[PDB]
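All remarks here apply to the structure that follows.
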Amino acid sequence: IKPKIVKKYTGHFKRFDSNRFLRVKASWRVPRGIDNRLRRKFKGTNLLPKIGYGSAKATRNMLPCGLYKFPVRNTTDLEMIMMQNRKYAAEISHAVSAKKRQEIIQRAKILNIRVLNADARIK
Amino acid sequence: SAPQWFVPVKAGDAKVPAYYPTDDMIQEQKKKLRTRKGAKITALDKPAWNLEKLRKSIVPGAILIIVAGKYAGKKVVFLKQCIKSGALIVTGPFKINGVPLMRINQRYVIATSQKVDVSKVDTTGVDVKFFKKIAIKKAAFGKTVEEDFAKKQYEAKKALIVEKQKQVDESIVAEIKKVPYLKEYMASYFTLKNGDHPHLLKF
Amino acid sequence: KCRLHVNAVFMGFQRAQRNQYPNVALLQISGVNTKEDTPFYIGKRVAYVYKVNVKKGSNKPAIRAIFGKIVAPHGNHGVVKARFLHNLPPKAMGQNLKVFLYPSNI
Amino acid sequence: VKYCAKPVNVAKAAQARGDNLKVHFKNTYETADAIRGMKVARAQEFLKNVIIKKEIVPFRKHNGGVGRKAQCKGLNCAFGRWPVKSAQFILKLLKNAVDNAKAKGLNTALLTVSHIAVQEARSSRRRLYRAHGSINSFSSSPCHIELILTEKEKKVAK
RNA sequence: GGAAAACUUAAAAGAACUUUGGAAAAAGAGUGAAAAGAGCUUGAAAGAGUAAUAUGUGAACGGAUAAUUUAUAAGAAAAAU
RNA sequence: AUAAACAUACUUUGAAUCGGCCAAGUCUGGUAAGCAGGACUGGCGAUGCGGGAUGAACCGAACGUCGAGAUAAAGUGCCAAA
RNA sequence: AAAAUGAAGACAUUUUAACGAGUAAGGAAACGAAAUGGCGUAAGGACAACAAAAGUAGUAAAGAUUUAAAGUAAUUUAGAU
């Protein structure tokens with residue numbers, strides 16, 4: 001069972017005038033200038049993030065697997081979603097060592113919990 | 001007992017919590033993926049609820065040009081409609097066309113006015129049982145490999161039943177030769193020569 | 001072997017003077033000259049059969065297609081609108097399509 | 001300073017490099033550009049002919065104000081010069097890298113200049129006394145030159 | 001009147017003998033957990049060099065839509081009576 | 001007669017602003033001005049989009065992300081959908 | 001906005017309807033049916049394997065270069081070097 005995750009825009013909302021200059025980063029900042037080509041929404045360049053682009057509520061923050069993300073740091077965090085293994089999927093944090101990962105990965109098999117980092121920090 | 005959300009699994013000599021049931025009291029369950037029930041099989045003489053409504057231009061014994069599929073442009077003779085599926089049971093008599101006895105959907109054919117008529121065709125067989133018996137099935141998923149020769153040996157074992165069911169076509173060829181120029185018209189293909197526009201052609 | 005299609009020219013997309021909507025593609029079917037002869041063609045499958053040169057070390061075919069239908073007439077000259085599964089590339093403008101004879105109603 | 005690229009096989013390669021060499025970078029980058037690929041037997045002969053001004057070194061990229069020359073026919077370039085000090089510095093690496101190959105035990109008749117790259121070093125600044133009581137800079141353009149000679153054998157691809 | 005300038009390593013064990021070279025240096029060799037090699041903790045950006053890939057008629061870059069190429073990526077259960 | 005319950009009446013505190021410009025089945029000074037100064041109203045300012053080839057004001061019409069349809073100004077020899 | 005339900009579910013609940021352009025400017029924090037909703041940097045007081053060894057870290061931290069995923073967006077998460 002998986003509802004079709006529908007996206008109203010699959011691109012990135014890059015900052016205006018970030019394709020010419022390097023001091024202007026590619027993170028969105030709405031232009032406040034009076035003569036700006038974009039805040040007036042001129043034709044051809046009228047791409048701004050407006051709340052209408054927001055994706056469906058039912059399938060918001062849902063990974064393509066159909067399961068939401070739940071980060072775990074130790075084996076005892078897995079028990080927090082052992083009842084909801086059909087809704088949440090464990091994702092071992094990036095600081096957990098390569099020894100504690102084999103404890104979490106093996107325990108996630110016992111409780112039958114999908115793990116998104118099953119091939120991370122392998123030998 | 002076990003909650004509805006719990007499915008115990010075995011552990012391969014690894015650390016387990018204090019509350020997890022051990023392996024000696026755990027039985028494995030087979031993962032189940034198929035839930036929808038299949039198609040109920042009913043009598044061979046009752047038409048399905050899901051039956052196409054034939055066009056008024058299609059009557060048994062007509063000659064249908066086929067405009068799509070493997071046999072594109074060939075002219076066939078329509079015997080009767082397969083009730084269990086709604087697809088037409090046509091036969092482009094193999095002694096003339098080379099078109100075997102098959103099923104085809106009613107939207108891939110064009111009904112010409114040349115009605116071969118022919119009663120007493122003796123279609124006592126050629127129900128849905130025959131068509132499912134000669135269809136070349138696949139090799140499934142676990143049946144070893146059997147690459148290539150499985151389908152080659154499939155066709156050879158189905159050759160006899162196909163030939164036996166050619167008693168349908170012995171009678172029809174008799175009245176194909178009756179009408180002059182009807183053997184030549186059937187044997188050849190169908191082509192749209194220069195100057196024949198589809199919206200103007202009438203059959 | 002035989003011909004079972006009439007070659008329709010990909011004129012372009014349904015546009016305006018300074019716009020373009022590539023969801024709908026216009027065709028000038030050969031032999032159709034008025035909008036009153038289009039009632040026949042509304043529904044018949046249309047395919048954009050093209051050819052791609054491929055290397056011998058690949059699996060993809062050298063002949064592909066993009067199938068679509070004819071949905072409505074357009075103008076009084078018999079031009080039609082065709083909606084495809086994937087919008088036709090603008091490299092096909094002026095090329096020839098195929099207008100099949102199924103789903104037939106004759 | 002490390003080498004830009006590592007040899008495919010270290011048993012078939014000889015290396016030589018120079019750090020902070022005092023020679024113009026815009027001149028050596030074009031001399032090292034011509035001899036990239038040619039056999040070490042011919043690259044030594046070509047560099048002997050640029051010195052005596054019988055072969056040209058086409059300035060493909062840095063060609064502003066460079067006059068036209070008669071030996072630049074066929075190279076797709078209308079400019080070319082004969083840098084003598086830049087050739088003499090590369091010629092002392094090809095002799096170093098060749099004599100490193102003899103130590104290993106390679107065959108000098110097959111060596112080719114597979115990789116040769118020129119970098120930008122740290123310049124040394126001077127003073128140039130200008131008009132109106134102003135002082136400008138007078139800085140060199142030293143460069144690091146690397147070099148890898150690999151034995152050439154007929155490749156196989158089944 | 002009036003600034004700039006912190007950091008090798010746990011420890012100098014700060015290469016030590018050969019070949020090329022006028023010398024600096026380079027290639028082997030070796031120390032060290034690791035060159036971290038004295039310009040020495042990791043080491044971005046502007047500017048460059050090498051390799052791989054791709055494109056072209058008086059600007060370049062961006063956006064919508066497809067095509068081609070490359071990459072990511074979806075399963076082990078199973079019918080009727 | 002018609003409209004009006006997210007109607008009606010407000011209270012307290014406070015920001016920005018008082019360089020304006022255009023249109024006209026209008027006016028005054030001027031020979032006249034893309035000049036100077038006004039009365040009623042709509043706009044540009046603060047505003048994109050379709051049309052006038054281009055245009056701050058003209059005509060249509062004011063904008064969350066889209067899909068399908070009939071439309072408005074205006075057009076249907078080619079560039080350009082008809 | 002109005003109804004319904006409401007001790008904790010969860011996605012800031014459920015149903016119906018109307019609406020959404022905008023420079024100057026305003027809408028501080030808390031307020032269960034929330035009197036706008038949030039992201040990020042640094043520091044301080046707490047919380048962070050609840051059966052007496054209780055967040056991560058030499059089985060590789062912070063940082064740097066990229067690749068993928070989530071979010072409309074500020075940005076977050078993860079893989080590799």
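Here, A, B, ... name the chains of the structure tokens in the order displayed, residue numbers run from 1 inside each chain, and ligands are numbered from 1 in the same displayed order.
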Legend entry - Near-residue 8 of chain A list (10 Å; only C-alpha atoms (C1' of nucleotides); drop same-chain fewer than 6 positions) as an NGL selection string: (:A and (52-56)) or (:F and (65-66)) or (:G and (72))
Sorted by chain and rising residue number, list the residues of chain C at most 10 Å from chain B (counting only C-alpha atoms), each with its closest atom pair and distance in Å to one decimal, as JSON lines.
{"residue": "C:1", "atom": "CA", "partner": "B:189", "partner_atom": "CA", "distance": 8.0}
{"residue": "C:2", "atom": "CA", "partner": "B:191", "partner_atom": "CA", "distance": 4.8}
{"residue": "C:3", "atom": "CA", "partner": "B:191", "partner_atom": "CA", "distance": 5.0}
{"residue": "C:4", "atom": "CA", "partner": "B:192", "partner_atom": "CA", "distance": 6.3}
{"residue": "C:5", "atom": "CA", "partner": "B:192", "partner_atom": "CA", "distance": 7.8}
{"residue": "C:6", "atom": "CA", "partner": "B:197", "partner_atom": "CA", "distance": 8.1}
{"residue": "C:30", "atom": "CA", "partner": "B:197", "partner_atom": "CA", "distance": 8.5}
{"residue": "C:31", "atom": "CA", "partner": "B:197", "partner_atom": "CA", "distance": 6.3}
{"residue": "C:32", "atom": "CA", "partner": "B:197", "partner_atom": "CA", "distance": 8.4}
{"residue": "C:37", "atom": "CA", "partner": "B:199", "partner_atom": "CA", "distance": 6.9}
{"residue": "C:38", "atom": "CA", "partner": "B:199", "partner_atom": "CA", "distance": 8.3}
{"residue": "C:39", "atom": "CA", "partner": "B:199", "partner_atom": "CA", "distance": 8.9}
{"residue": "C:40", "atom": "CA", "partner": "B:199", "partner_atom": "CA", "distance": 6.1}
{"residue": "C:41", "atom": "CA", "partner": "B:199", "partner_atom": "CA", "distance": 7.8}
{"residue": "C:99", "atom": "CA", "partner": "B:198", "partner_atom": "CA", "distance": 10.0}
{"residue": "C:100", "atom": "CA", "partner": "B:67", "partner_atom": "CA", "distance": 8.1}
{"residue": "C:101", "atom": "CA", "partner": "B:67", "partner_atom": "CA", "distance": 6.5}
{"residue": "C:102", "atom": "CA", "partner": "B:108", "partner_atom": "CA", "distance": 5.8}
{"residue": "C:103", "atom": "CA", "partner": "B:107", "partner_atom": "CA", "distance": 4.9}
{"residue": "C:104", "atom": "CA", "partner": "B:107", "partner_atom": "CA", "distance": 5.5}
{"residue": "C:105", "atom": "CA", "partner": "B:107", "partner_atom": "CA", "distance": 7.3}
{"residue": "C:106", "atom": "CA", "partner": "B:110", "partner_atom": "CA", "distance": 5.7}
What does the file look like for those residues with C-alpha atoms, as a PDB file, in the first residue's frame?
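Saved as out31.pdb:
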ATOM      1  CA  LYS C   1       4.243  -5.020 -47.527  1.00  0.00           C
ATOM      2  CA  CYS C   2       1.121  -2.899 -47.082  1.00  0.00           C
ATOM      3  CA  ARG C   3       0.042   0.588 -46.029  1.00  0.00           C
ATOM      4  CA  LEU C   4      -2.376   1.011 -43.121  1.00  0.00           C
ATOM      5  CA  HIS C   5      -1.815   4.659 -42.200  1.00  0.00           C
ATOM      6  CA  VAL C   6      -2.001   8.161 -43.659  1.00  0.00           C
ATOM      7  CA  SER C  30      -2.983  13.932 -45.693  1.00  0.00           C
ATOM      8  CA  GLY C  31      -6.208  14.023 -47.682  1.00  0.00           C
ATOM      9  CA  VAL C  32      -8.281  15.962 -45.130  1.00  0.00           C
ATOM     10  CA  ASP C  37     -14.094  15.312 -42.706  1.00  0.00           C
ATOM     11  CA  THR C  38     -12.459  15.192 -39.241  1.00  0.00           C
ATOM     12  CA  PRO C  39     -15.456  13.498 -37.477  1.00  0.00           C
ATOM     13  CA  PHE C  40     -14.000  10.237 -38.796  1.00  0.00           C
ATOM     14  CA  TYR C  41     -10.491  10.697 -37.382  1.00  0.00           C
ATOM     15  CA  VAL C  99      -2.490   7.852 -38.433  1.00  0.00           C
ATOM     16  CA  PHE C 100      -3.710   4.289 -37.931  1.00  0.00           C
ATOM     17  CA  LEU C 101      -7.173   2.853 -38.615  1.00  0.00           C
ATOM     18  CA  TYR C 102      -7.940   1.566 -35.105  1.00  0.00           C
ATOM     19  CA  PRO C 103      -9.939   1.760 -32.859  1.00  0.00           C
ATOM     20  CA  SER C 104     -12.146   1.296 -35.908  1.00  0.00           C
ATOM     21  CA  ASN C 105     -15.884   1.959 -35.933  1.00  0.00           C
ATOM     22  CA  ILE C 106     -16.584   0.649 -39.445  1.00  0.00           C
TER      23      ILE C 106
END
Legend entry - Non-local contacts of segment 1-6 of chain G (12 Å; only C-alpha atoms (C1' of nucleotides); under 6 positions in same chain excluded) as a ChimeraX atom specification: /F:5-6 /G:13-19,32-33
Inset, instruction - May I have the residues within 7 Å of residue 66 of chain E as an MDAnalysis selection string, using only C-alpha atoms (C1' of nucleotides) and disregarding those fewer than 5 positions away in the same chain? - result: chainID C and resid 87:90
Inset, instruction - Would you kindly report the residues of chain B within 10 Å of chain A, using only C-alpha atoms, as a ChimeraX atom specification? - result: /B:3-12,14-17,20
For C-alpha atoms, I'd like the residues from the last selection saved as a PDB file, in the first residue's frame.
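Result file follows (part33.pdb):
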ATOM      1  CA  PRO B   3      -0.235  -8.298  19.688  1.00  0.00           C
ATOM      2  CA  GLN B   4      -1.539  -7.675  16.191  1.00  0.00           C
ATOM      3  CA  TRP B   5       1.603  -5.667  15.358  1.00  0.00           C
ATOM      4  CA  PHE B   6       4.065  -8.380  16.454  1.00  0.00           C
ATOM      5  CA  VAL B   7       5.576 -10.982  14.130  1.00  0.00           C
ATOM      6  CA  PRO B   8       8.364 -12.971  15.827  1.00  0.00           C
ATOM      7  CA  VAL B   9      11.498 -13.841  13.867  1.00  0.00           C
ATOM      8  CA  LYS B  10      14.478 -16.075  14.565  1.00  0.00           C
ATOM      9  CA  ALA B  11      17.855 -14.849  15.804  1.00  0.00           C
ATOM     10  CA  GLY B  12      21.168 -16.229  14.584  1.00  0.00           C
ATOM     11  CA  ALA B  14      22.940 -12.853  18.440  1.00  0.00           C
ATOM     12  CA  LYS B  15      22.098 -10.734  21.463  1.00  0.00           C
ATOM     13  CA  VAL B  16      18.371 -10.384  22.165  1.00  0.00           C
ATOM     14  CA  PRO B  17      16.479  -8.310  24.769  1.00  0.00           C
ATOM     15  CA  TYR B  20      11.897 -10.954  23.290  1.00  0.00           C
TER      16      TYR B  20
END
Inset, instruction - May I have the residues within 9 Å of segment 40-57 of chain G as an NGL selection string, using only C-alpha atoms (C1' of nucleotides) and disregarding those fewer than 5 positions away in the same chain? - result: (:A and (73-77 or 93 or 95-97)) or (:G and (74-75))
For those residues, write N, CA and C atoms (P, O5', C5', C4', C3', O3' and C1' of nucleotides) to a file as a PDB file, in the first residue's frame.
ATOM      1  N   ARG A  73      19.847   6.567  17.342  1.00  0.00           N
ATOM      2  CA  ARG A  73      21.243   6.647  17.747  1.00  0.00           C
ATOM      3  C   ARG A  73      21.761   5.383  18.408  1.00  0.00           C
ATOM      4  N   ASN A  74      20.886   4.582  19.012  1.00  0.00           N
ATOM      5  CA  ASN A  74      21.284   3.362  19.694  1.00  0.00           C
ATOM      6  C   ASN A  74      20.169   2.338  19.536  1.00  0.00           C
ATOM      7  N   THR A  75      20.425   1.116  20.008  1.00  0.00           N
ATOM      8  CA  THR A  75      19.442   0.047  19.857  1.00  0.00           C
ATOM      9  C   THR A  75      18.168   0.334  20.634  1.00  0.00           C
ATOM     10  N   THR A  76      18.255   1.117  21.710  1.00  0.00           N
ATOM     11  CA  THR A  76      17.074   1.413  22.512  1.00  0.00           C
ATOM     12  C   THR A  76      16.147   2.414  21.840  1.00  0.00           C
ATOM     13  N   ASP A  77      16.645   3.196  20.880  1.00  0.00           N
ATOM     14  CA  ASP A  77      15.761   4.074  20.124  1.00  0.00           C
ATOM     15  C   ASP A  77      14.860   3.287  19.186  1.00  0.00           C
ATOM     16  N   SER A  93      22.015   7.548  12.815  1.00  0.00           N
ATOM     17  CA  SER A  93      22.645   8.850  12.673  1.00  0.00           C
ATOM     18  C   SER A  93      24.058   8.708  12.117  1.00  0.00           C
ATOM     19  N   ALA A  95      26.832   9.933  13.186  1.00  0.00           N
ATOM     20  CA  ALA A  95      27.919   9.895  14.150  1.00  0.00           C
ATOM     21  C   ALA A  95      28.079   8.538  14.816  1.00  0.00           C
ATOM     22  N   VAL A  96      27.076   7.664  14.720  1.00  0.00           N
ATOM     23  CA  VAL A  96      27.147   6.355  15.356  1.00  0.00           C
ATOM     24  C   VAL A  96      28.241   5.529  14.695  1.00  0.00           C
ATOM     25  N   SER A  97      29.090   4.910  15.511  1.00  0.00           N
ATOM     26  CA  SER A  97      30.295   4.268  15.011  1.00  0.00           C
ATOM     27  C   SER A  97      29.948   3.023  14.203  1.00  0.00           C
TER      28      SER A  97
ATOM     29  P     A G  74      15.744  27.157   0.769  1.00  0.00           P
ATOM     30  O5'   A G  74      15.996  28.007   2.085  1.00  0.00           O
ATOM     31  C5'   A G  74      16.244  29.400   2.011  1.00  0.00           C
ATOM     32  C4'   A G  74      15.968  30.070   3.329  1.00  0.00           C
ATOM     33  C3'   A G  74      16.820  29.602   4.492  1.00  0.00           C
ATOM     34  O3'   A G  74      18.083  30.244   4.538  1.00  0.00           O
ATOM     35  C1'   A G  74      14.546  29.617   5.134  1.00  0.00           C
ATOM     36  P     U G  75      19.431  29.373   4.566  1.00  0.00           P
ATOM     37  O5'   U G  75      19.299  28.512   5.893  1.00  0.00           O
ATOM     38  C5'   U G  75      19.862  27.215   5.977  1.00  0.00           C
ATOM     39  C4'   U G  75      18.871  26.236   6.549  1.00  0.00           C
ATOM     40  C3'   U G  75      19.364  24.815   6.741  1.00  0.00           C
ATOM     41  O3'   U G  75      20.153  24.641   7.904  1.00  0.00           O
ATOM     42  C1'   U G  75      17.278  24.763   5.675  1.00  0.00           C
TER      43        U G  75
END
I'd like a table as a tab-separated table: residues in segment 6-80 of chain F with an atom no more than 12 Å from segment 9-23 of chain C, each row giving the shortest atom pair and its distance in Å to one decimal, only C-alpha atoms (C1' of nucleotides) counted, sorted by chain and rising residue number.
residue	atom	partner	partner_atom	distance
F:49	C1'	C:19	CA	11.9
F:50	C1'	C:18	CA	9.6
F:51	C1'	C:17	CA	10.2
F:53	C1'	C:17	CA	11.3
F:67	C1'	C:23	CA	10.4
F:68	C1'	C:23	CA	11.5
F:74	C1'	C:17	CA	11.9
F:75	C1'	C:17	CA	10.8
F:79	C1'	C:17	CA	10.8
F:80	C1'	C:17	CA	5.9
Inset, instruction - Take atom CA of residue 71 of chain C and atom CA of residue 98 of chain C and report the distance between them in Å, one decimal. - result: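 The value is 15.1 Å.
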Inset, instruction - Could you pull out the residues in segment 5-201 of chain B that DSSP calls alpha helix (DSSP H) from the backbone, as a PyMOL selection string? - result: chain B and resi 128-134+149-157+159-164+169-176+182-187
Could you take the residues named above and write them with N, CA and C atoms, as a short mmCIF file (atom, residue, chain, number, x, y, z; two decimals), in the first residue's frame?
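Saved file selection_39.cif follows:
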data_model
loop_
_atom_site.label_atom_id
_atom_site.label_comp_id
_atom_site.auth_asym_id
_atom_site.auth_seq_id
_atom_site.Cartn_x
_atom_site.Cartn_y
_atom_site.Cartn_z
N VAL B 128 -13.34 -21.57 -25.06
CA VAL B 128 -12.22 -20.98 -24.34
C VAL B 128 -11.25 -22.05 -23.85
N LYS B 129 -11.70 -23.29 -23.68
CA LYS B 129 -10.81 -24.35 -23.22
C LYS B 129 -9.72 -24.64 -24.24
N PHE B 130 -10.08 -24.66 -25.53
CA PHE B 130 -9.09 -24.93 -26.57
C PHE B 130 -8.05 -23.82 -26.64
N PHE B 131 -8.49 -22.56 -26.57
CA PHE B 131 -7.55 -21.45 -26.72
C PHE B 131 -6.56 -21.39 -25.57
N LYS B 132 -7.02 -21.67 -24.35
CA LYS B 132 -6.10 -21.71 -23.22
C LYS B 132 -5.18 -22.92 -23.28
N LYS B 133 -5.58 -23.98 -23.99
CA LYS B 133 -4.77 -25.19 -24.07
C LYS B 133 -3.59 -25.03 -25.00
N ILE B 134 -3.68 -24.15 -26.00
CA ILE B 134 -2.62 -24.00 -26.99
C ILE B 134 -1.79 -22.74 -26.79
N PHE B 149 14.79 -23.73 -25.15
CA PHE B 149 14.16 -24.95 -25.64
C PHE B 149 12.80 -25.20 -25.00
N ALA B 150 12.49 -24.54 -23.88
CA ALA B 150 11.18 -24.71 -23.26
C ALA B 150 10.07 -24.23 -24.18
N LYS B 151 10.24 -23.07 -24.80
CA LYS B 151 9.24 -22.57 -25.73
C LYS B 151 9.27 -23.32 -27.06
N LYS B 152 10.45 -23.76 -27.50
CA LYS B 152 10.53 -24.56 -28.71
C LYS B 152 9.83 -25.90 -28.53
N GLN B 153 10.05 -26.56 -27.39
CA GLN B 153 9.34 -27.80 -27.10
C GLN B 153 7.89 -27.55 -26.70
N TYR B 154 7.55 -26.32 -26.33
CA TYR B 154 6.15 -26.00 -26.07
C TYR B 154 5.33 -26.07 -27.35
N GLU B 155 5.79 -25.41 -28.41
CA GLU B 155 5.02 -25.36 -29.65
C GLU B 155 4.86 -26.74 -30.26
N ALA B 156 5.92 -27.56 -30.20
CA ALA B 156 5.87 -28.88 -30.81
C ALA B 156 4.80 -29.76 -30.17
N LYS B 157 4.66 -29.69 -28.84
CA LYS B 157 3.67 -30.52 -28.16
C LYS B 157 2.25 -30.02 -28.38
N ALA B 159 1.27 -28.84 -31.36
CA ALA B 159 0.99 -28.87 -32.79
C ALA B 159 -0.21 -29.75 -33.11
N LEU B 160 -0.34 -30.89 -32.44
CA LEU B 160 -1.38 -31.85 -32.80
C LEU B 160 -2.78 -31.29 -32.56
N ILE B 161 -2.99 -30.61 -31.43
CA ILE B 161 -4.32 -30.09 -31.12
C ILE B 161 -4.72 -29.01 -32.11
N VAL B 162 -3.76 -28.18 -32.53
CA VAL B 162 -4.05 -27.14 -33.51
C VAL B 162 -4.47 -27.76 -34.84
N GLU B 163 -3.75 -28.79 -35.29
CA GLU B 163 -4.08 -29.43 -36.56
C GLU B 163 -5.44 -30.12 -36.49
N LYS B 164 -5.75 -30.75 -35.36
CA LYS B 164 -7.03 -31.42 -35.21
C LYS B 164 -8.19 -30.44 -35.32
N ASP B 169 -11.88 -25.37 -40.88
CA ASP B 169 -11.50 -24.68 -42.10
C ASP B 169 -11.69 -25.50 -43.37
N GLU B 170 -12.00 -26.79 -43.26
CA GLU B 170 -12.18 -27.60 -44.46
C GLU B 170 -13.46 -27.21 -45.19
N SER B 171 -14.52 -26.89 -44.45
CA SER B 171 -15.78 -26.54 -45.10
C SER B 171 -15.73 -25.13 -45.68
N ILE B 172 -15.08 -24.20 -44.98
CA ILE B 172 -15.14 -22.79 -45.37
C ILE B 172 -14.43 -22.56 -46.70
N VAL B 173 -13.32 -23.26 -46.94
CA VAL B 173 -12.58 -23.09 -48.19
C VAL B 173 -13.44 -23.46 -49.39
N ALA B 174 -14.44 -24.32 -49.20
CA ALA B 174 -15.26 -24.77 -50.32
C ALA B 174 -16.03 -23.61 -50.95
N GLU B 175 -16.64 -22.76 -50.13
CA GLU B 175 -17.41 -21.64 -50.66
C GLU B 175 -16.59 -20.37 -50.85
N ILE B 176 -15.31 -20.38 -50.46
CA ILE B 176 -14.43 -19.29 -50.85
C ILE B 176 -14.16 -19.33 -52.34
N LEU B 182 -12.76 -14.30 -55.29
CA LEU B 182 -12.78 -14.24 -53.84
C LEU B 182 -11.61 -14.96 -53.20
N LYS B 183 -11.02 -15.94 -53.90
CA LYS B 183 -9.80 -16.55 -53.39
C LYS B 183 -8.61 -15.59 -53.51
N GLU B 184 -8.52 -14.87 -54.62
CA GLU B 184 -7.44 -13.90 -54.79
C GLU B 184 -7.58 -12.74 -53.83
N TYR B 185 -8.81 -12.25 -53.63
CA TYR B 185 -9.03 -11.13 -52.72
C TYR B 185 -8.66 -11.51 -51.29
N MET B 186 -8.97 -12.75 -50.89
CA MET B 186 -8.66 -13.17 -49.53
C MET B 186 -7.17 -13.44 -49.35
N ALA B 187 -6.53 -14.08 -50.33
CA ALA B 187 -5.14 -14.50 -50.16
C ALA B 187 -4.21 -13.31 -49.99
#
Inset, instruction - Give me, as an MDAnalysis selection string, the contact residues of chain A against chain E at a cut-off of 8 Å, counting only C-alpha atoms (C1' of nucleotides). - result: chainID A and resid 19:20 44:45
Based on the selection just made, write C-alpha atoms of those residues as an mmCIF file, in the first residue's frame.
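Everything below was put into part-v4.cif:
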data_model
loop_
_atom_site.group_PDB
_atom_site.id
_atom_site.type_symbol
_atom_site.label_atom_id
_atom_site.label_comp_id
_atom_site.auth_asym_id
_atom_site.auth_seq_id
_atom_site.Cartn_x
_atom_site.Cartn_y
_atom_site.Cartn_z
ATOM 1 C CA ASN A 19 23.963 32.111 -12.127
ATOM 2 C CA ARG A 20 26.211 35.108 -12.880
ATOM 3 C CA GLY A 44 9.957 34.556 -18.457
ATOM 4 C CA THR A 45 11.387 35.082 -14.952
#
Legend entry - Distance in Å - atom CA of residue 145 of chain B versus atom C1' of residue 77 of chain E: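 About the pair atom CA of residue 145 of chain B and atom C1' of residue 77 of chain E: they are 17.9 Å apart.
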